[PDB]
């Protein structure tokens, strides 16, 4: 049979974080998941004034192969935002996640946050808009938001992925 493909591109991030995603995403998306060789997040995307990397810039440096998720440990932002957790091509091929704003001394919680945000961004790539249900596709702009939504897709979003 056929399966969705997810390529994880490590971009200046620890290997542990990558492995959390490698081991969680296959079952969530019924996907063949591939971890690409690590590289440094591009200096071309560094904004010297903000001292942050731009998410749109990083995303657009990835190869446009559905679905490729860049994962970085560096703080990222996007136009008009103090920071973002990530960015995605809605219905496209590419997304990026930063774990910088997700860090926490609660190691189990950190893992949960990383999976939630990866799942959310990949959901956007698959064409899902933000959702008002108890759903991972709820908008998140703070970690409290992330902690208070579940990791699972609601029945409406799950349907849109599957059919």
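Residue numbers count along the first chain shown, from 1.
Of the two stretches examined, 101-109 and 48-56, the record assigns the greater average C-alpha temperature factor to 48-56. Just going by the entry, 8-16 versus 141-149 on mean CA temperature factor gives the higher value to 141-149. Comparing C-alpha B-factors across 26, 123, 64, 70 in the deposited entry, the largest value falls on 64. The deposited CA B-factor of residue 40 belongs to the highest third of values across its chain. Compared with the other modelled residues of the chain, the Cα B-factor recorded for residue 131 ranks in the highest third. Residue 86: CA B factor in the lowest third of modelled residues in this chain (values from the PDB entry).
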